Each structure stands twice: as C-alpha cells, then as structure tokens.
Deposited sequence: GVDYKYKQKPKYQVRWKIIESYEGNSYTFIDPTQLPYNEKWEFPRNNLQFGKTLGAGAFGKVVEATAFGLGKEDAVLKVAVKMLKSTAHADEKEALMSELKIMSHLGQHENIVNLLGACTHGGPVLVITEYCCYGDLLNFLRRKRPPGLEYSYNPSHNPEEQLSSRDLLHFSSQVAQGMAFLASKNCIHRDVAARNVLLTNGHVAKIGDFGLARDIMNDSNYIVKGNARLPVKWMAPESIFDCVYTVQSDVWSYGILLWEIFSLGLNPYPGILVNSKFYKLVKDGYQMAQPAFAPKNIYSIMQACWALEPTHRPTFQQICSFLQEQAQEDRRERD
C-alpha cells in the first residue's frame, strides 16, 4: 500500500485560471512554520495505515494570537522517505491553493524540530456522512446548504486547476454553525479495511469514481463533478451507501458504463435530483461545472 496524495494540480489553459507552476515540484514556503512547542496534543481524531491526525490546541496561531483547537496531520515512525515526501507534496499543494471557507484549510506546519506536522483546521461536528446517519431534526434546507457549500469549495479547487479525485460525504467535515468543508481525510481513515476502496493491485473509491476514471485512469475536474453527484445522493439518501445492495464487480462496471444511474433518493427534490443526473452524464463535456451547479443551487432562491 502506497500513501499517494489524492489532490493534484493539473495544467489547464482555456480555463479561467492558468497554471504557471506546479507547487509540488519545488516550493517550501517557510511562512507556515509554527513552534511545535506551542501545540498541545489532544486525543487522536483518527488514524490509518500511514499515520494519524490528532486534536490539539495552538497557542498564538496567525497574526491575531488566537488559541484555537486544531487538527494535526502527522505520520507514524514506521514512515520512510517516500511517505515523508508525499506528506510535503500535500502541504505545498495546500500552501498554493490558498484559503477558502468551504475547504479544510492549512494553518501551519512544523518542518523543523523533528517530525513534520501539518496543522489544519478543526471542525467540531465531524464528517457529513456520520452526521446524516445520526440525524435521520434535519430540514430539507439543511441538506440543500451542504450541497451548495460543498459545491462552492469544489468550485474553488476547480478555480486553481486542482482535482480532488475522492469526493464523498466521508471527506466533508462540518465546522461551526454546521458549515461544510471538503478535504481529504486519507490519513485519518484506515483504507486497508474500508470496503468502499477496492483494490487495484491501490485503493480507489470506485462507486464514486467517474466511468472515465475507472476504465481509462483519467482524472479531470469533470471526473470530480460526477463523484460530486454521488455525494448529493448520499446527502439526500441521508447517508445510504451508493448503489445499495449492488456489489462492486464485473457486473457493476458494465452497469455504470451502460448509463445506469441510482434511483432518486427519498428526500431529493426533483430539480436537485436533476443535478445528479447531469453530474452523472456519460460524457465529461456534458456534465456541468461546479460553478454552474453552484449558481443553480442558488437559483433555488425560491425560499
């Protein structure tokens, strides 16, 4: 099992943002550095076969000396060169994107003083999946907000030529006031035992992957939109597992490619469900954009 970073920066031209550089190639911005001797370890929020991320309190973080709670990504001791570097490619990728309200942002790092620790935001209500599974009183709108919020952050990663490649409710946290925030929680989850990741010789959340990625290992922002739809499903199905009952295998594959789509969820308005269908279009060029999806969920100003 190889660590491997999910998030990636690609080269897009005609897009409304040009990629002049590939961060992971060199950058190291020492302006994210923070004194590990001012970080207090809380409990372990989660962990997997490569590392863990634990709660902690940072004294004097930022230009405003705040003393807020944080989540420290970190690797295990068993770690080796490769792993150690993958972690850094994710920091740089983080330091490049910048900070958006609907993304688990970067707050600091400790590249010097020993092991490298990535200090990210800390969201108090946990991940979106588990949240829906415990609140089955959510309002039809509560759901409609997470969709636009998630859609917003994904609009952002898109406006930087950054692909996710793993968009799923399990990768959406819920911070203060229940605001969403996409991210990658690879460290904190144990992929070796999560049946949502099928083996590839790597581990890929197939039921979420676009057909173009399952068949031709092609990852575009449009691949992301498809998975995003798979996410709207999880939201309105209040946490069901994609393709309920269906097993990921040879038959499954022929189904998705042949245009099969998941039936409408019980709580999804017809329009919203119509977003899933578009996102699931078989041809990438016909799927919407996270911005159109963003604007459309907006048009629902009907309230």
Next on the checklist: Ranges lacking C-alpha coordinates, please, mapped onto the deposited sequence and listed in sequence order.
Outcome noted: 1 to 9, 146 to 161, 227, 330 to 335
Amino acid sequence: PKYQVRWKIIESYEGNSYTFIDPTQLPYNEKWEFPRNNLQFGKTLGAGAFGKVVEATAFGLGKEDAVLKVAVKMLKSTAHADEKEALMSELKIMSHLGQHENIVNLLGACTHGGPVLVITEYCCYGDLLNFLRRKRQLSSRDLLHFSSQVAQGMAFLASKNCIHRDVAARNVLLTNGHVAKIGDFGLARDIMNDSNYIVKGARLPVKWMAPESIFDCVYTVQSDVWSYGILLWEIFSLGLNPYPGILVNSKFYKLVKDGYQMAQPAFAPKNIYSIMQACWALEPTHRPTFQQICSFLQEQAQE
From here on, numbers count along this sequence of modelled residues.
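Just so we're on the same page, rigid core means the largest C-alpha set that superposes within 1.5 Å between forms.
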Item to check | Which of 62 to 70 and 235 to 243 strays further in 6 other deposited structures of this protein - Cα RMS after rigid core alignment | outcome: 62 to 70
Checklist entry - Out of 175 to 183 and 77 to 85, which shows the greater rigid core-aligned C-alpha deviation in 6 other deposited structures of this protein? => result 77 to 85
Checklist entry - Is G15 unbuilt in at least a third of the other PDB entries compared? => result yes
Next on the checklist: Quick check: 77 to 85 versus 182 to 190, which has the larger average CA B-factor in the record?
Outcome noted: 77 to 85
Checklist entry - Do the C-alpha atoms of 7 to 15 or of 281 to 289 have the higher average B factor in the entry? => result 7 to 15
Next on the checklist: Out of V53, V67, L240, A263, whose C-alpha atom has the biggest B factor in the entry?
Outcome noted: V67
Checklist entry - For the listed residues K207, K200, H164, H96, which one has the largest C-alpha B-factor as given in the deposited model? => result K200
Next on the checklist: Is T220 in the lowest, middle or highest third of its chain when residues are ranked by C-alpha B-factor?
Outcome noted: middle
Next on the checklist: When the deposited Cα B-factors of this chain's modelled residues are ordered and cut into thirds, is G108 in the lowest, the middle or the highest one?
Outcome noted: middle
Checklist outcome for this item: Entry-reported C-alpha B-factor of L138 relative to its chain, by third, is highest
Item to check | Among modelled residues of the same chain, the CA temperature factor third for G177 | outcome: middle
Checklist entry - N38's Cα B-factor: lowest, middle or highest third of the chain? => result highest
